[PDB]
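For reference, the chain that follows is the form deposited in one PDB entry, supplied as C-alpha cells.
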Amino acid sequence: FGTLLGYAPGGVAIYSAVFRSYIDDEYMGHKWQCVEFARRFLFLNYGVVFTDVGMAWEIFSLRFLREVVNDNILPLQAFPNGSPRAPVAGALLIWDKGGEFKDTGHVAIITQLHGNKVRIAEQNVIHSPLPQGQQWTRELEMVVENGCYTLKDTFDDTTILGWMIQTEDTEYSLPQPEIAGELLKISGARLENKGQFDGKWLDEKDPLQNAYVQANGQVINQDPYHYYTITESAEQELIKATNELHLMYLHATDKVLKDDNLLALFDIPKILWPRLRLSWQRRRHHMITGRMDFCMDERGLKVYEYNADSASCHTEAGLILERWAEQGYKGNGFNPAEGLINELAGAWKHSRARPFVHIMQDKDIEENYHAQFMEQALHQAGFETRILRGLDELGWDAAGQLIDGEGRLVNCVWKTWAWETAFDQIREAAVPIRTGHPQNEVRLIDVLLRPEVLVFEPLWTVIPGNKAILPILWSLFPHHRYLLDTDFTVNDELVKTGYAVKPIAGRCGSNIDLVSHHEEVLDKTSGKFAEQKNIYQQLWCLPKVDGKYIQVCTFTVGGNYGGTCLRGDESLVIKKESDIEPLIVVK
C-alpha cells in the first residue's frame, strides 16, 4: 500500500478516513483508488476536477469539470466506445461496472494515442513497480475503421463506456443521461402492526434521544407504522443532483461576490461586503453541513432552495429515524441518512476549527437536541465544546475580550443562529459591535462578527442560503434540468406557469404565496418576513402520496451528499411544524 510504482505524464505518482488524498485543500480522492489518480492527474496537469462520485462509472455521466483557480465551470463531453470522435491523450476513459470491475466500474487516463493502440495510466489495476521511466500502465488495441474509433480492453469481461473530452464542440458526443420517471416515484409502505411504537420506543437512556423527547415526545409523525421508499436509483439521482447543485451554488456565490451589481441584490448591509469576500476567499473549503429542498416525482427532480447557512433535521434523519428502523423495520432497505453523524464528524476533523469550540444555540428546547447532535460530531472529531444556551453566559474582560461562563475565551463557534439575524442587529460606520459594556450585555452580532472568532458555518454561506441567488443560478445555468425559472418579478414565462412568491431571507415556510398559471392563490402562509424582497420561482407543486405532500431533503456534509430525509405536510407548503416521514431506500 502506497508504494510508489511510477509516474503518469507530467510526473503524477501512481501507488497501490485517514486515507483522504489532498493537494492543497482540494480533495483528490481516497487512497489509492482509480478515481483519486484520474482526479489528481487532471488537477496537477490541467487545473481541473470532476465532482464527487460514488462509483467510478458514475463519471461517464458528468457534463462539466470545475476549474479551481477561479471556481469556473467547463463543458465535458462524453463519447461512446466506437466513435468518430478520436480518444486523445489526457482524455478521461471510463469503464462501466462489470466483470473485472464488478460494481465499481473504472477510470484511467489516456496518455497516448497511436495508429493501432493507445496507452493509458491508471491506479488499482497494477500493483507492481513499473519499468524505469515508463509512464503508462497498460496498452489497449484500437481499431480505426471508417473514421470510427474503438478500444479493446485487455480483460475479457469488461465493458468500456467511452472517453470524455473537455470541449464546447458537442459533435459526435452523446446526450446527458436522463433518468426514468418511474424510478423517481415515491411510494407508500407499511409495517406490520405488532405494537412496535406503542410506548417508549425511543431509547431514553441516550441523552440525545431523550432531549428529543423533551421537545417532541415519543413521536416522529402521526402514524409511525407507515413509511415511504425510494428506489436505489433515485438515491443515486439524489446524489448526482446534490453534489452537482452544490458546485453550482458555489459557482454562483463566487460570481456574486465578484460583481457589486449582483451582490447588491441580497440586501446585506453594504458594510459586510468586504468581509463577505474575505470570508469566501479563505474559508471556501470550511462549510460543514447543509440541506437541499427538492420536489421529486415522475416529472423529474427540482430544487426549491439550499439552506446553506444553518440547517437542521439532522437529528431526525440521522438518529431518530434510525431508532424507528431498529425498532420496527424488518426489511432489506436502509435509511439513506444512517451515517450522518460520521459524515459530520469527518467534515469537522478536516475543518481548520479551533480545538475548543463553543456551541451557540438559542434558548429553545427544540434546538437543544440539535446542538447536542452536532456536539456529538465535534466530540467524535476530538473537539472540546461548551454549549451556550443564550447570550447570558457571555461576557467581556476589562480589555474587551470575549469570555464564556467558566471564564474562558470564545474564539471558535458553531452557531444555530442564522446569520441574517446578526445582520438585523446591524440594520440599526463599520461593523458596529460592542467590545465592552457596563452591564456586560453581549449581543449575537458582538460575537459572530468579532474578527478574532472562527465561526461555522462561514459568513459567505449566507449568499447561497439567500434566494436572491436563485435568479442568478437561472441566469448562469438557463434551463438546467434541476433548476426552476425564478426571477425578481413575475415575467411572461412565469405568469404562464404559475409561481411561488418567496422572501429572499425567509425560512420555516414563512410568507410564501402560491399562485397558479390562472390567478388563484393555491396556498399562502404567514410569517415575519412579509416586508423583505421577494423572488418568484416557477411553480412546481409537491407530490401528494398517501394523503400528504412530500418534499425530499438531502444533506450536504462538506460539499458532498450526506443523506436523504422526507418531510410531509397536509398542504403544498412545507413548514417548520411539518412531520419527518421515515424513508427507506430499496433496490
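The term rigid core refers to the most C-alpha atoms you can superpose between the two forms while keeping them within 1.5 Å. In this text, residue numbers run from 1 along the sequence as written.
As for the form deposited in another entry, it is not shown, yet the points below apply to it.
Once the core is superposed between this form and the one not shown, every option in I109, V357, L340, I288 stays below 2 Å in C-alpha shift except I109. Relative to the superposed rigid core, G47 undergoes a CA displacement of at least 2 Å between this form and the one not shown.
Core-aligned CA deviation for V545 between this form and the one not shown: less than 2 Å.
Superposed on the core, the two forms barely differ at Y561: its CA moves less than 2 Å between this form and the one not shown.
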